[PDB]
Every structure is written in structure tokens, then in C-alpha cells.
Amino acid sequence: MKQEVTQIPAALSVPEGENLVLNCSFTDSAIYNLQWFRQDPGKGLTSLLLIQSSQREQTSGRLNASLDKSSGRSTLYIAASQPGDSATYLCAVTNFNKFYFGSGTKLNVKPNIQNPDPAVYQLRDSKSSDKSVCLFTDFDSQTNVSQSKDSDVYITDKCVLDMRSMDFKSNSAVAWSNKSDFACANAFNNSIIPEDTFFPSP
């Protein structure tokens, strides 16, 4: 029989502090062990838990995983999620003479922004660059950033920075272009942004 490892959900994006549930399922119950790993972008994998075929669960800190070998299932519980939990989580099983990895759950744990102050700022022109750059910043984590209608306007997704000595975190997205009919007033027009977003004069 042919081993197939399934993980759901494919992607999960939740507010910090919530508990999380990651599911793994395998069609062939003749396994030696099941392992859970995390992977950050641009890095290798880190082992979180290894559950031997004779064991029903393993715990490490905020992580607890069950194994129901006859049912072909493991569930990873992450308590009280933190931003630093954001990663791809992989389920793997070791079979007699083969090793199989699931396709992963991509987890994003969003910060709770204490004092939203949404704004779109125009950054200064670079004397080396011919791009114009706009910064949408300080919005709360419920805001979704969309791509531009325009194929020559580039927009990133929200990225969270942490100013730890100030007890302060903030979301931002960057838009840029080198076309001339481009301005920061219009850059995020394809996104639903807060009605109170500050657009400073130039």
C-alpha cells in the first residue's frame, strides 16, 4: 500500500494569543515514528517533536502532539500563539524503508496593534534610483493589502517590525513604480484601507 501524508489547513492566519490546531493524516499505519518540524523562509527545518510508534503523545513547552497510529492521525496543539511561531509546519512519517513529508501548514500569527495610526507616506526620492516609493504603515492587523491593478506598480504584503526597546510593533506595505503617472495618493487604491488613513500633503 502507498503512503500519502495530508496536512490541513494549508494556511492559517490568526491573532496572537489564540491556541492553534494543526492536523496530519497518513494512510499507512505501519510507521516507526512521526515527527513535526518548523521551517522559516530561506532556512532548513527544525525538529519540534518525535513521537515513537509506541507512544500516544509528546509535549515540549507550548507544543503538544498526539499520535493515533491505528487511525492514521496526529494533531499538533500550539498553546497561546506568538508572532515567533510564524513558520511552515511539516508532518513526516518514517516507514519501513521510506520517508514521507506532508505539504505543510503555513502559519502566520498576527500582532495585536495597540494604537493603530494608519497612514500613507511618500519617501524621499533616491539620487541613485529612478523609483518612487510609498509606505502604507501603522494599520491594524485586520487590514488586507491587495496588489495594484497596474502591472508596473509593485506592492508588497504587510510585514511586521518590532521596536523592542519601545514596546512597539507596526505593520507596513511598500508600493513603488518608475512610471510617471504614479502617486502615493493612488498607490493603494485597490486595497480596502481604513477610512481614517492619514494622507499628508506633499
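Just count from 1 along the sequence shown to find any residue number.
- Comparing 143 to 151 with 167 to 175, the stretch with the higher mean C-alpha B-factor in the PDB entry is 143 to 151.
- As the entry records it, the average C-alpha temperature factor is higher for 190 to 198, out of 15 to 23 and 190 to 198.
- You'll see in the entry that, of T105, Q82, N95, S74, the Cα B factor peaks at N95.
- Residues shown: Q39, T156, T137, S29. Highest C-alpha temperature factor in the entry: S29.
- In the deposited entry, the Cα temperature factor of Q7 sits in the bottom third of values across the chain's modelled residues.
- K69 sits in the middle third of its chain by CA B factor, as recorded in the PDB entry.
- Among all modelled residues in its chain, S53 ranks in the highest third by Cα B-factor.
- Per the PDB record, residue ranking by Cα B-factor puts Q122 in the middle third of the chain.
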